[PDB]
Structures are given as structure tokens and as C-alpha cells.
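# A look at the structure
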Amino acid sequence: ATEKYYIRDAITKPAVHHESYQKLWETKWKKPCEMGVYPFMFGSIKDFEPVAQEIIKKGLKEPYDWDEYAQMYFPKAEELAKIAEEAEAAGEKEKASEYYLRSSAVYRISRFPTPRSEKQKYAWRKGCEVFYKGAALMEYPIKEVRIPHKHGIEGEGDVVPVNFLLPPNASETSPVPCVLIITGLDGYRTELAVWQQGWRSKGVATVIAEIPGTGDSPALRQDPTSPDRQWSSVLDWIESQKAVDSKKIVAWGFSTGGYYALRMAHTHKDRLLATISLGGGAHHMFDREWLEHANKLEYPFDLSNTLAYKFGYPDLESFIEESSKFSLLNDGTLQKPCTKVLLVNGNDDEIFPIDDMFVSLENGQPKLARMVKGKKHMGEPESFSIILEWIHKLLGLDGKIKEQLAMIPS
């Protein structure tokens, strides 16, 4: 196991944040919260610090009671929503928008890593409600679209709920590129929404969709082909929006979403100008050895158990027994021709192995790659500059990526 992967014996070193919530907060989450970046986009340290202090006093830690855990966030979430409602009634739209999104952030963290209890499932519905109230009051409002899942089969949901933002003056006469953002294991369309205004400012439409077994994805969790059907429904809908240039659709997968971006470069080659996998996997992410170690590494909670739940399995062992069938190597995806693919990740990733970038480069057509040495999952911050520079060149945008990136921190 310690000899198998690029990061070698790093796989056997438990991360301190698994000891307690206090360690998660102090060593991992307080800093991104203060800076207003993932997983705290649209959030404020003023909102989370009081909640953190109360959770730390209770001494909460793995194994978490997700109902007990989620409830700690609700008083603050509700407080922010009431301030938003009062601002809206008073006509203070900018203030109303801010506090609805701050409320959505508190609900979001309450149901991290994924809704696995009734209060977390409640937090997902409440978070979406206040997110879309805040989004509606943005200068350039972001809309929910319930895309008909026309490619759905028996047991699948009837809609693919997405975020949609179309730049002003976009039309069938003057159509715009579209970045299709594919979200991750924990961050859903209410989180990656933080990218949409930046793209709008550069004359680019955005659609944000969740991967199977997360958010409101209608896809069968255990069926490796369920994403294929979902993207057929989503791309049919984008094609029907004549203000979008269907020859300029770029799919950007974040995290776990990277697997789906890489997969759809093959399954939907002729409908996508390019796909990007940022911190994605392909094959070794489904290994027993990888999954049996990743619960205790850089991921804030239990990565492997969360992954198992998202793939529709009642426990990790049941997932590991079957996980090989999701491999893009094993199922033959990587032998197929692909559209333009860009692979970016930190070499030292302890969520998905850099070894899967190698597997991706070992099969089918050549793919663009940037490895980020000495960085873990997503290879930030340089990964964002690499990807924006490449998309700006691909779509002939203004190339002003610093201006776009500056809009991300809340």
C-alpha cells in the first residue's frame, strides 16, 4: 500500500483535523472561512466563528451524529435569513442578497460532507431556498432551471436542476460560449455558483449541475452510465438556448466532478469544445488500498464512506467490492476518442491520486496536463490561473484572468 501510489507512505499518516471539530476548525477551516473561499463562499467569519465556538465547547468529533451536528448551525442560519427578509421588505436589495447567501453558506456547512441524516437533508432544501432568494436579488440574477431529464430511464428523477446565468445582450444573433460547471462530492450548484458572475463579466454563460448521488441529481447512483444520460439531457437543453453557441460549450469538473468532466469528453465528444478535470480521478480512486486509507487524510471528514454513499452503497466494504466498475479504464471509456481535455491537480493529492492523471495520459488520445508539484488536492491557487488562461485562449476572451479571479473571495 505504502509503495503503490506516487505519495508513497504519506497514505499512512493520519491528518490532525480528524481528532476533533476543534482541530478541523483551527488547522483547516478557520483560514478559508476568514478569507471567504471554499467551502465558505458567500459566508462570513462573523457568522461561523460563534457556531464553531459552540461546537468546540460540546467537543463534537468523529464519529459525528449528523442531526446533533447540523442543528448547531440552524439558529445562525435562521438569524441571517430573517435579516435578509427585513432588508428585502425595506427595498435594500444588495443587503437582502448578501444575508440570504450568508444564510445559504451556514445551511451548506451543516450538511457537509453530504446529507446523511434528516436534519442535513432539511438543511439542503433550506439552503437551496435561501440561496435562490439571494441569487434572484443579484444585479445579474442567477436562475434555477429544472431541465427535463428526457434521457432518464426507470428509477431516475424527471428533472436536472441547474443554475443558469446568461450575460446581458447575449442573443441568437450574438450567441455566447457556455462553461458547464460540474460540482463535487460536498460542494453543489449553491457553492460553485461563486464562479458565475466572473464568467458573465467576460461574456460567458454558465450552467451548474451536480454529479450523480449528490444535490438534486436525478441519476441512478450505482449505474456507471447514469451521468451519460444526465449530460445528454443537459446538452439537449443548452442546445435549445439559442443565445448560447452550442459549438463553444466547455465542461469544467471540480473535484469529484473532474471524473465526470473527463468521462463526458469521451461520451459527448462531438457536443463539447473542451473539458477540464481539476482534482479529478479515473481508476485508482476506486482501489481498495486508496479507499481504505483516504478516510484519515486531507479530506475534512470520511472521504471513502461519503464516496460510497454517493455511489449508492450502504457501507465502504460493499462499495469496494463493486467500485472497479466505475473505472474509466475498466469500463473502456479511456480507449474512446475525446474532445480537448485539460487535466490539472496537485501531485500530493490525498483525496484522488495523481496516479489517475498518469492513467488518463496512458490511454487513448493525448491530453493537456499541468501537474502542481508540492501541492495537494486541486493544486491551488496556481490551478485556477492555469485553467482560466487556457479557457480565455480557447474562447478568445479578453485574457484578464486576475480581474475574474478577484471576484471569487466573498
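The name given to the protein in the PDB entry is Yellowish-green 1-like protein, with the source organism recorded as Exophiala dermatitidis.

Turning to empty space enclosed by the protein, a few remarks are in order. The space that makes up the largest cavity amounts to roughly 100 Å³. Residue lining of the largest cavity: 14 residues in total, with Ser 277, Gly 280, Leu 343, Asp 356 and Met 357 positioned closest to the centre. Looking at side-chain class alone, the lining of the largest cavity contains 7 nonpolar, 6 polar and 1 charged residues. Estimates place the volume of the second largest cavity at around 40 Å³. For the second largest cavity, the full set of lining residues is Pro 212, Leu 220, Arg 221, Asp 223, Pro 224, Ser 226, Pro 227, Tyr 259, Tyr 260, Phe 311 and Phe 326. Going through the elements one at a time, α9 (226-240) and α10 (257-267) are the ones with two or more residues in the lining of the second largest cavity.

Moving on: the packing of aromatic side chains. Two descriptors summarise a pair of aromatic rings, namely the distance from one centre to the other and the angle between the planes of the rings. Taken as a whole and judged by the stated rule, the model has 35 aromatic pairs. The interplanar angle of 50° and the centroid separation of 5.5 Å between the aromatic rings of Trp 195 and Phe 254 together place this pair among those described as tilted. You can see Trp 195 sitting in the loop between α7 (189-192) and α8 (196-201) and its partner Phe 254 sitting in strand β5 (residues 244-254), a full 59 residues away along the chain. The buried category is assigned to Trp 195, whose relative accessible area is 5%. A relative accessible area of 6% means that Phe 254 is categorised as buried. Among the aromatic residues, those joined into a ring-pair cluster are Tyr 21, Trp 25, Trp 29, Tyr 38, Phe 40, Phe 48, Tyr 64, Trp 66, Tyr 69, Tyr 73, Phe 112 and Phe 301.

This part covers the environment of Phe 131. Position of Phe 131 relative to the elements: it lies in helix α6 (residues 118-136). Linking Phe 131 and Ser 104, residues 27 residues apart in sequence, is a C-alpha distance of 5.1 Å. Residues contacting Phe 131, with those up to four places away along its chain left out, are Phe 42, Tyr 100, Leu 101, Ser 104, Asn 163, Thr 190 and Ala 193.

Let us now look at the pairing of strand β3 (residues 176-182). Consecutive side chains of a regular strand alternate in pointing toward one face of the sheet and then the other. For β3, a buried count of 7 out of 7 residues is recorded, marking the element as mostly surrounded by other parts of the structure. Here 6 bridges tie β3 to β5, and the two strands are oriented parallel to one another. When the sheet's bridge partners are listed, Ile 181 is paired in β5 with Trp 252. Relative to strand β4 (residues 205-209), β3 runs parallel, the two sharing 5 bridges. Bridge pairing in β4 places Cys 178 opposite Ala 205.

Procedures and definitions
- Residues numbered from 1 in each chain as written, not as in the entry; some residues may be left out.
- Heavy atoms only, no water.
- Residues with missing side-chain atoms left out of burial classes, pairs and counts.
- 1 Å grid on protein atoms, 1.4 Å probe; cavity = no way out; pocket = protein on both sides within 12 Å on 5 of 7 lines; lining within 4 Å.
- Points joined across faces, edges and corners; volume = space filled by probe spheres on them.
- Nonpolar A, V, L, I, M, F, W, Y, C, P; charged D, E, K, R; others polar.
- Helix = DSSP H or I, 4+ residues; strand = E, 2+ residues; numbered from the N terminus.
- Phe/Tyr/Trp six-rings, centres within 6.5 Å; stacked < 30°, edge-to-face > 60°.
- Buried < 20%, exposed > 50% of the residue type's maximum accessible area, 1.4 Å probe, protein only.
- Contact = heavy atoms within 4.5 Å.
- Pairing = 2+ DSSP bridges.

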